[PDB]
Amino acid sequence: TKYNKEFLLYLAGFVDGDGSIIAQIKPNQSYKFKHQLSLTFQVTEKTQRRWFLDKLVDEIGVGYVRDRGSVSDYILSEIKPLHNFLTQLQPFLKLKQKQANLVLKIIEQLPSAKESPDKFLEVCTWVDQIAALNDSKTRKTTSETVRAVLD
């Protein structure tokens, strides 16, 4: 899906404001390396303004909105559409462009990360960088925590 540049310009400003580009390493025994590499693009807004997030679902054509009381979030996790979307959005980001670029990097490196523990750990390293670029305050699992479990 090719997005309109005006939509992307406005949206990149909005994302730099209320948005969040997130990479997480989730402990999970069902994966071969006991952790899932999770990626999320999100936009949070007061629920009385969810109409704005509902429109995003329509305009971006993928993702959904979750309600959590007083605020709601537009969430996009599917890696394929995420890569497609972030690729077109990143040229216009000013505050979260580095995060976007790290996420695109991780996505493309995913297949290779599933094959090798050293690669996987390398990818986890880029997740650490995204978190350090964000206003990270409650992170727990890092590349360090993953190395210890692999060992």
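Numbering starts at 1 and runs along the sequence shown.
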Quiz item: Do the C-alpha atoms of 24 to 32 or of 111 to 119 have the higher average B factor in the entry?
Solution: 111 to 119
Exercise. Identify the stretch, either 11 to 19 or 136 to 144, whose C-alpha atoms have the larger mean B-factor according to the entry.
Key: 136 to 144
Quiz item: Which third of the chain holds residue 125 when residues are ordered by C-alpha B factor: lowest, middle or highest?
Solution: highest
Quiz item: Looking at the C-alpha B-factor of residue 54, is it in the lowest, middle or highest third of its chain?
Solution: middle
Quiz item: residue 70: which third of its chain by C-alpha temperature factor?
Solution: highest
Exercise. Would you mind checking where the Cα B-factor of residue 98 ranks among the modelled residues of its chain, as the lowest, middle or highest third?
Key: lowest
Quiz item: Hey, what third does residue 105 fall into on Cα B-factor, ranked over its chain?
Solution: highest
